[PDB]
Amino acid sequence: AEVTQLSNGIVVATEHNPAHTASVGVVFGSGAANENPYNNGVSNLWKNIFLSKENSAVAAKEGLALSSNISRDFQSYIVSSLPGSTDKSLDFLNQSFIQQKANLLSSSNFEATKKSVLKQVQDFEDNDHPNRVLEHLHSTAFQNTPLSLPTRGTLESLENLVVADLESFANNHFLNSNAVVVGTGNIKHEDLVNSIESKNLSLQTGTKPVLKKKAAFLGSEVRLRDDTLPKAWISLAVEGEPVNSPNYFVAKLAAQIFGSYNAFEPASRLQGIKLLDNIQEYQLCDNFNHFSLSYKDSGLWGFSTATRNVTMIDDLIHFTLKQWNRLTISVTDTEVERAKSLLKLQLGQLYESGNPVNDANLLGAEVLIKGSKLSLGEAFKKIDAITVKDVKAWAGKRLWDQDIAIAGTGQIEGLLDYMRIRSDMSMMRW
Amino acid sequence: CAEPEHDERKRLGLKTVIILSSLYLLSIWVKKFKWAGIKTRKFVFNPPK
């Protein structure tokens, strides 16, 4: 458990633990939330040439493995080494992001990569209905606002993208003040920071990105009815918490109370979740899962679900929203306590997997926003300190009689109108 | 003699008509609000391959 971050000319962040391999990468503070409607998908395209057969063979000769991830707030390019080769990873990083960042964009490479992210993003829209729905949830929830842009980009902005768009983006966002270099694995801080302060040369230092306009939640829906699909997939959310919200953890705990479910897993049917008494009688769904998604400016708190019970979708939604009503008025001590324990377990399994590439992404994203990483033991202190009173005060502000955002696809004829769903965000009282 | 309730009847009518008028104007507003999602709803068609 370590967090050593220090700024030379660039900002260097590491977290070392004797494991096996080491992962080095640069993580930029700009993602799909920084694109336009019209160059949407430029980051995903950058990712895909960085992993192209040409660049990927040059790394595999050296015994290096490549990894990249496009998100909303950020963007990361990562090389995993075998831990004494922690220097030959920094060679491949700079040989790409200074030298080859004019050789990767060759006409034959770009056209074969663009053709591959087109088959890629098309395949997504055709078949991945849960993530497709969740992506459209962000699209309508945050419409005409940076968080609405999908991470993979749209088929139409993608096929109209040229080399100059990659260039213009790279020249405005792959800057020094919008970068953090991250090392996870087992390698020391002073083992890496010296290999970085070895070579100087700043490259476009002093240049800031471009500013924008703030993200906002708009209560709304997008309904992607398709009667030929064998199920209905729906996601429903309120405006949640940004990272570095006081209620960052209260929100995450609230989502753990209702948790996630899988009708076919015997153990899942037995969880201490009151909602399960309602939904199992007539089998109202195959699965659901609650989430508290947090970004820089905003977040989404809600749930997603999939079902073949297409004539009782209204009972699914009704029982789920009646449970959420309880958070404001009647959530019990032992529900909160169950959530604490399970939130710790899952937050643990995230922050300490046996895979440094995940560690890098979690470290990178955190330090880009607040300039530091809160340690796992520090989180548990915050989690344990949450009372029933906290959850109630949170839910009464975020959940009770608040606008929602809805998205769905498949057989959603039985998903009732907006106002019916929205009325269930509260209860009648004297 | 024929209409002994005249004066009182018109006094009650004045109250009844004021309350019902208000309830009418009010319900129009409440209906429009409850219908706003449906009235401004928008569709797009992308013909399936």
# chains A, B, ... in the order shown; residues from 1 in each chain; ligands from 1
>>> interface_residues(of="chain A", to="chain B", cutoff="10 Å", atoms="only C-alpha atoms", output="PDB file with N, CA, C and O atoms, in the first residue's frame")
ATOM      1  N   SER A 220     -34.898  12.805 -18.814  1.00  0.00           N
ATOM      2  CA  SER A 220     -35.293  12.501 -20.180  1.00  0.00           C
ATOM      3  C   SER A 220     -35.177  11.011 -20.459  1.00  0.00           C
ATOM      4  O   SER A 220     -34.725  10.254 -19.616  1.00  0.00           O
ATOM      5  N   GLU A 221     -35.484  10.608 -21.686  1.00  0.00           N
ATOM      6  CA  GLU A 221     -35.439   9.196 -22.049  1.00  0.00           C
ATOM      7  C   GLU A 221     -35.132   9.023 -23.529  1.00  0.00           C
ATOM      8  O   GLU A 221     -35.396   9.918 -24.326  1.00  0.00           O
ATOM      9  N   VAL A 222     -34.514   7.898 -23.873  1.00  0.00           N
ATOM     10  CA  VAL A 222     -34.400   7.466 -25.261  1.00  0.00           C
ATOM     11  C   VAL A 222     -34.847   6.007 -25.332  1.00  0.00           C
ATOM     12  O   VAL A 222     -34.441   5.188 -24.519  1.00  0.00           O
ATOM     13  N   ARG A 223     -35.799   5.717 -26.211  1.00  0.00           N
ATOM     14  CA  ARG A 223     -36.387   4.388 -26.250  1.00  0.00           C
ATOM     15  C   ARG A 223     -36.077   3.732 -27.588  1.00  0.00           C
ATOM     16  O   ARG A 223     -36.428   4.258 -28.637  1.00  0.00           O
ATOM     17  N   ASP A 417     -44.896   4.939 -19.762  1.00  0.00           N
ATOM     18  CA  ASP A 417     -44.464   6.306 -20.039  1.00  0.00           C
ATOM     19  C   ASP A 417     -43.581   6.904 -18.946  1.00  0.00           C
ATOM     20  O   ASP A 417     -43.637   6.502 -17.788  1.00  0.00           O
ATOM     21  N   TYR A 418     -42.934   8.007 -19.300  1.00  0.00           N
ATOM     22  CA  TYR A 418     -42.013   8.684 -18.412  1.00  0.00           C
ATOM     23  C   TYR A 418     -42.668   9.061 -17.094  1.00  0.00           C
ATOM     24  O   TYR A 418     -42.165   8.699 -16.035  1.00  0.00           O
ATOM     25  N   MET A 419     -43.786   9.783 -17.163  1.00  0.00           N
ATOM     26  CA  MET A 419     -44.435  10.324 -15.969  1.00  0.00           C
ATOM     27  C   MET A 419     -44.871   9.278 -14.952  1.00  0.00           C
ATOM     28  O   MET A 419     -44.853   9.537 -13.746  1.00  0.00           O
TER      29      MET A 419
END
>>> select_by_dssp(residues="chain B", states="helix (DSSP H, G or I)", output="PyMOL selection string")
chain B and resi 6-39
>>> write_last_selection(atoms="C-alpha atoms", output="CSV table (one decimal), in the first residue's frame")
chain,number,residue,atom,x,y,z
B,6,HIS,CA,-84.1,34.3,-5.6
B,7,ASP,CA,-81.7,36.4,-3.5
B,8,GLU,CA,-80.0,33.5,-1.8
B,9,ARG,CA,-79.9,31.4,-5.0
B,10,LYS,CA,-77.9,34.1,-6.9
B,11,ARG,CA,-75.5,34.6,-3.9
B,12,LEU,CA,-74.8,30.8,-3.9
B,13,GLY,CA,-74.3,30.9,-7.7
B,14,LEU,CA,-71.7,33.7,-7.4
B,15,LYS,CA,-69.6,31.4,-5.1
B,16,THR,CA,-70.2,28.3,-7.2
B,17,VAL,CA,-69.3,30.0,-10.4
B,18,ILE,CA,-66.1,31.5,-9.0
B,19,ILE,CA,-64.9,28.2,-7.5
B,20,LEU,CA,-65.7,26.2,-10.7
B,21,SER,CA,-64.1,28.8,-13.0
B,22,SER,CA,-60.9,28.6,-11.0
B,23,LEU,CA,-61.0,24.8,-11.0
B,24,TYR,CA,-61.5,24.9,-14.7
B,25,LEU,CA,-58.5,27.2,-15.4
B,26,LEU,CA,-56.4,25.3,-12.9
B,27,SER,CA,-57.1,21.9,-14.5
B,28,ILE,CA,-56.1,23.1,-17.9
B,29,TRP,CA,-52.7,24.1,-16.5
B,30,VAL,CA,-52.3,20.8,-14.6
B,31,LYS,CA,-53.3,18.8,-17.8
B,32,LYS,CA,-50.7,20.6,-20.0
B,33,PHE,CA,-48.0,20.0,-17.4
B,34,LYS,CA,-48.9,16.3,-17.2
B,35,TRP,CA,-48.9,16.0,-21.0
B,36,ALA,CA,-45.7,18.0,-21.8
B,37,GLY,CA,-43.5,14.9,-22.1
B,38,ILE,CA,-45.9,13.4,-24.6
B,39,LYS,CA,-46.7,16.5,-26.6
>>> atom_distance(atom1="CA of residue 71 (chain A)", atom2="CA of residue 256 (chain A)")
23.3 Å
>>> select_by_dssp(residues="region 360-422 of chain A", states="strand (DSSP E)", output="tab-separated table (two decimals) with C-alpha atoms, in the first residue's frame")
chain	number	residue	atom	x	y	z
A	405	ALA	CA	-33.16	9.40	-17.12
A	406	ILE	CA	-34.22	6.25	-18.95
A	407	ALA	CA	-32.87	4.19	-21.85
A	408	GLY	CA	-33.96	0.84	-23.24
A	409	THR	CA	-33.91	-1.54	-26.19
A	410	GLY	CA	-35.59	-4.79	-27.17
